[PDB]
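>>> sequence, then structure. It's an experimental one.
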Amino acid sequence: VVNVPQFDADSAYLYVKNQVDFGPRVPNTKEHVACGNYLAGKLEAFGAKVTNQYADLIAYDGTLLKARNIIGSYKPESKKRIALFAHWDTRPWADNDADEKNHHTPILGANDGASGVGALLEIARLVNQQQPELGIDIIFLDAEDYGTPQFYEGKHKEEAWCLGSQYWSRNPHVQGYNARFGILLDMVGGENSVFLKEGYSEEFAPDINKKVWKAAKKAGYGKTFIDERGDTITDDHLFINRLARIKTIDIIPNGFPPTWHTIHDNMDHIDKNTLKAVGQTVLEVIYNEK
Ligand SMILES: [Zn+2]
């Protein structure tokens, strides 16, 4: 039996906190620039071959976003690969806040942004120390969360979201890129979260959902990964499935956590035990692929 490393939730939690400590990671801000440098630096320290994808992405309102997708690759020559995704930007508006006064205020995005990234940094650390059989790509996607605000009077186009993933899906970081499958982590740090099988994931990658939920159960996380269909959610994996044609699932809580797109999406609501359940399940999956 392959040795599956132990996900260190304390370290993952640190990596979440480190991102949040920059402040909001809103595209076109200095805090976003600084955190991108931190993330690329950490991947490089953890033995990844780092590729940066800088792109001028146009937001719903015409704003040019100076975006940066960050890719860290392990065993880059291997043609048998697994892609692991998380968005790293944070939403510029707390547009679901209970107080209307807060609807134009940027969120810290501890869960929505930092959590997936922090879990994947811990996975990168472990992959470097003991390489799985398959090549692993860690892909931090920018400009996911700049989609039309709720307070905007006008069209709310689906494609206003997930700008970095649309770009990456149309413009792979290496010519002829392919992966066997992908896993997207979105909001994987919240206290008490549970995860159901997401709808587009079921549509495009049902065998990958089966693989992940079976691994979760075997790893002791069957109360966190509930074997039931949940909601259909627009997220980066929709665009990866449609445009890149890589079978990709989303690990995302079931509605959204109460902190979503509020000013309360901060470290107070992050529980390292949620990070552990999700992270350990991902390790179980990627190390057992042949
Ligand atoms: Zn969000």
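The structure has been received and is ready for your questions. Numbering: from 1, shown residues only.
>>> mind listing what the nearest residue to residue 7 once chain neighbours are set aside touches?
Closest residue to residue 7 apart from its sequence neighbours, by C-beta to C-beta, 6 or more residues apart in numbering: residue 279 at 3.8 Å. Where C-beta positions appear, they are placed from N, C-alpha and C, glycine not excepted. Residue 279 makes contacts with 7, 9, 12, 119, 122-123, 188, as judged by C-beta atoms under 8 Å, 6 or more residues apart in numbering.
>>> extract the CA atoms of stretch 119-126 and return them as CSV.
Extracted in CSV, the C-alpha atoms of stretch 119-126 (Å, rounded to 0.1, in the frame of the first residue of the first chain):
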residue,chain,number,x,y,z
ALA,A,119,-4.8,23.7,1.9
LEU,A,120,-3.1,23.4,-1.4
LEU,A,121,0.1,24.9,-0.1
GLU,A,122,0.2,22.2,2.6
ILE,A,123,-0.4,19.6,-0.1
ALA,A,124,2.4,21.0,-2.2
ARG,A,125,4.8,20.7,0.9
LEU,A,126,3.8,17.1,1.2
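>>> and stretch 37-56, which residues are buried?
Neighbour counts using 16 or more other C-beta atoms under 10 Å place 38-40, 42-43, 46, 48, 50-51, 53, 55 of stretch 37-56 among the buried residues.
>>> tabulate these (CSV), appending distance to residue 224.
Below are those laid out as CSV (distance: C-beta to C-beta, whole Å):
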residue, distance to residue 224
38, 28
39, 26
40, 30
42, 26
43, 27
46, 26
48, 28
50, 31
51, 32
53, 32
55, 35
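>>> can you give me phi and psi for residue 161?
phi -90, psi 160 (degrees, to the nearest 10).
>>> in contact with the nearest residue to it once chain neighbours are set aside, which residues?
Spatial nearest neighbour of residue 161, chain neighbours left out: residue 147 (3.6 Å); criterion: C-beta to C-beta, 6+ apart. Each residue near residue 147 by C-beta under 8 Å, 6+ apart is listed here: 60, 156, 160-162.
>>> who wins on neighbours among those residues?
residue 162 (25 neighbours; other C-beta atoms under 10 Å).
>>> and of the contacts of residue 279, the nearest to the ion?
Nearest to the ion among these: residue 188, at 13.0 Å, using C-beta to the ion.
>>> ok, that closest one touching residue 273?
No. The pair residue 188 / residue 273 is not scored as a contact, 11.3 Å apart, by C-beta atoms under 8 Å.
>>> between these two, point out the one with more neighbours.
A direct count of neighbours by other C-beta under 10 Å for residue 188 and residue 273 places residue 188 higher, at 29 against 16.
>>> element containing the residue nearest to residue 7, please.
In the assignment (DSSP states H and E), residue 279 maps to helix 272-288.
>>> pull the CA atoms of that helix into PDB?
Presented in PDB, the C-alpha positions along helix 272-288 are these (Å, rounded to 0.1, in the frame of the first residue of the first chain):
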ATOM      1  CA  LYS A 272      -8.300  23.800  11.100                       C
ATOM      2  CA  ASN A 273     -10.400  20.500  11.400                       C
ATOM      3  CA  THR A 274     -12.300  21.400   8.300                       C
ATOM      4  CA  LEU A 275      -9.000  22.000   6.500                       C
ATOM      5  CA  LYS A 276      -7.800  18.600   7.700                       C
ATOM      6  CA  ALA A 277     -10.900  16.700   6.500                       C
ATOM      7  CA  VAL A 278     -10.700  18.200   3.000                       C
ATOM      8  CA  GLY A 279      -6.800  18.200   2.800                       C
ATOM      9  CA  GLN A 280      -6.500  14.600   4.000                       C
ATOM     10  CA  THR A 281      -9.100  13.400   1.500                       C
ATOM     11  CA  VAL A 282      -7.300  15.100  -1.400                       C
ATOM     12  CA  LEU A 283      -4.100  13.400  -0.300                       C
ATOM     13  CA  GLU A 284      -5.800  10.000  -0.100                       C
ATOM     14  CA  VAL A 285      -7.000  10.500  -3.700                       C
ATOM     15  CA  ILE A 286      -3.800  11.800  -5.400                       C
ATOM     16  CA  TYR A 287      -1.500   9.300  -3.700                       C
ATOM     17  CA  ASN A 288      -3.600   6.300  -4.700                       C
END
